[PDB]
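Protein chains in written order, with UniProt numbering: chain L, 32 to 184, 193 to 224; chain F, 31 to 184, 193 to 224.
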């Protein structure tokens with residue numbers, strides 16, 4: 032399971048998140064075809080772990096750079112912008128949305144806590160207006176997907200449209216989502 | 031014929047489980063076999079969606095005969111949403127399109143989609159809203175309805199407040215306009 036993730040991850044960077052079969056994976060992991068079924072029941076099961084592991088690397092990366100900005104509205108925008116500006120570059124990431132269906136839950140498990148973290152912080156600050164830190168937190172993810180699938184057929196027009204939903208002044212919104220974006224790595 | 035079929039399936043699925051409603055048992059309804067239909071319709075998935083779009087065009091056409099007659103646009107919208115939310119938590123057939131369909135969003139876009147563009151665009155001219163990508167606004171709205179109804183299936195005023203606060207309505211004035219008396223429909 033250790034390598035098994037990072038095996039299929041590697042076989043996507045330049046092979047399509049959909050052209051990976053156990054045969055290659057198990058071999059990269061260094062286990063026999065009939066042993067993979069001892070660490071992952073399905074194949075959507077592995078692909079999902081490949082996803083979590085991916086969001087998590089950014090989930091971590093975000094924390095160590097963005098919540099280091101005093102304004103809540105920016106730490107949210109910033110993280111969001113990164114997530115969109117990410118799905119556009121990473122080949123592997125593109126596949127996680129316009130292809131992976133658990134794309135929503137997968138996000139509620141890796142960023143869900145982080146999302147509520149920031150939506151709550153910017154709330155107790157009076158910066159945001161939230162009447163359900165969960166619905167706000169889920170729509171911030173339903174949106175993130177639909178916004179990306181569309182964009183894969193903006194990393195600002197989007198952020199700007201989320202801060203808005205979190206109550207921010209329509210105008211002041213597009214200004215924050217449009218500020219210089221710190222580096223994620 | 032592609033009328034009786036979608037009806038046939040609704041009863042079955044609404045009472046067996048969308049997941050176990052073969053192309054067979056469905057046509058037996060509108061009396062046909064299994065190999066007969068695969069021809070009429072391309073795949074079972076289409077028919078399932080034919081039931082989806084069709085199940086939306088119902089409440090849709092219906093929501094147009096009412097809500098649009100309202101004055102404030104942020105209401106017509108919020109109101110039309112609060113109605114879509116209610117309907118989901120109210121039907122074994124609807125709350126079964128979301129938590130089970132991938133088209134969830136895409137079909138919602140084809141049917142109610144435009145209607146949401148129409149009303150948004152308008153409130154956008156009345157000065158009511160502050161949208162920047164009418165597309166991104168109409169898709170995020172539905173991607174949110176699904177994402178929200180799903181949570182609420184494991193609140194309609196609360197979601198609508200958000201949906202307005204997203205299109206630009208005053209963060210505060212948002213909830214008032216949401217909590218107003220929701221008119222009847224179909």
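Even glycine gets a Cβ: it sits at the ideal position worked out from N, Cα and C.
Proximity to residue i [Cα-Cα], best of the options
i: residue 162(F); options: 146(F), 133(F), 205(F); result: 205(F)
i: residue 223(L); options: 74(L), 69(L), 98(L), 71(L); result: 98(L)
i: residue 110(L); options: 93(L), 103(L), 117(L); result: 93(L)
i: residue 82(L); options: 56(L), 66(L), 147(L), 136(L); result: 136(L)
i: residue 181(F); options: 86(F), 37(F), 156(F), 129(F); result: 129(F)
i: residue 155(F); options: 104(F), 33(F), 70(F), 89(F); result: 104(F)
i: residue 108(L); options: 200(L), 62(L), 141(L); result: 200(L)
i: residue 60(F); options: 38(F), 66(F), 77(F), 72(F); result: 38(F)
i: residue 106(F); options: 49(F), 149(F), 140(F); result: 149(F)
i: residue 140(F); options: 85(F), 95(F), 217(F); result: 85(F)
Contact with chain F by residue i, beta-carbon distance below 7 Å
i: residue 196(L); result: yes
i: residue 160(L); result: yes
i: residue 204(L); result: yes
i: residue 139(L); result: no
i: residue 183(L); result: no
i: residue 49(L); result: no
i: residue 163(L); result: yes
i: residue 209(L); result: yes
Reduced DSSP category for residue i - H, G, I as helix; E, B as strand; rest coil
i: residue 91(L); result: helix
i: residue 142(L); result: coil
i: residue 148(F); result: helix
i: residue 50(L); result: coil
i: residue 176(L); result: helix
i: residue 63(F); result: coil
i: residue 85(L); result: helix
i: residue 159(L); result: coil
i: residue 184(F); result: coil
i: residue 98(L); result: coil
i: residue 106(L); result: helix
i: residue 211(F); result: helix
i: residue 190(L); result: The gap in chain L between 184 and 193 takes in residue 190(L), so it carries no coordinates here.
i: residue 222(L); result: coil
i: residue 130(L); result: coil
i: residue 43(L); result: coil
i: residue 36(L); result: helix
i: residue 217(L); result: coil
Local Cβ density within 10 Å of residue i, reported as buried at 16 or more and exposed below that
i: residue 91(L); result: exposed
i: residue 101(F); result: exposed
i: residue 160(F); result: buried
i: residue 118(L); result: buried
i: residue 57(F); result: buried
i: residue 79(L); result: buried
i: residue 195(L); result: buried
i: residue 153(L); result: buried
i: residue 32(L); result: exposed
i: residue 209(L); result: buried
i: residue 183(L); result: exposed
Closer than 7 Å to chain L by CB, residue i
i: residue 178(F); result: yes
i: residue 216(F); result: no
i: residue 145(F); result: no
i: residue 173(F); result: yes
i: residue 166(F); result: yes
i: residue 169(F); result: yes
i: residue 80(F); result: no
i: residue 200(F); result: yes
Beta-carbon neighbours of residue i, restricted to chain B and to distances below 8 Å
i: residue 125(F); result: Checking the listed chains, one finds no chain B in this structure; the protein chains it contains are L and F.
message: Tell me whether the stretch 120-127 of chain F and the stretch 44-52 of chain F touch, counting them as touching only if at least three CB pairs, one residue from each stretch, are closer than 8 Å.
response: yes
message: For the pair the stretch 175-183 of chain L and the stretch 168-176 of chain F, tell me if three or more CB-CB distances fall below 8 Å.
response: yes
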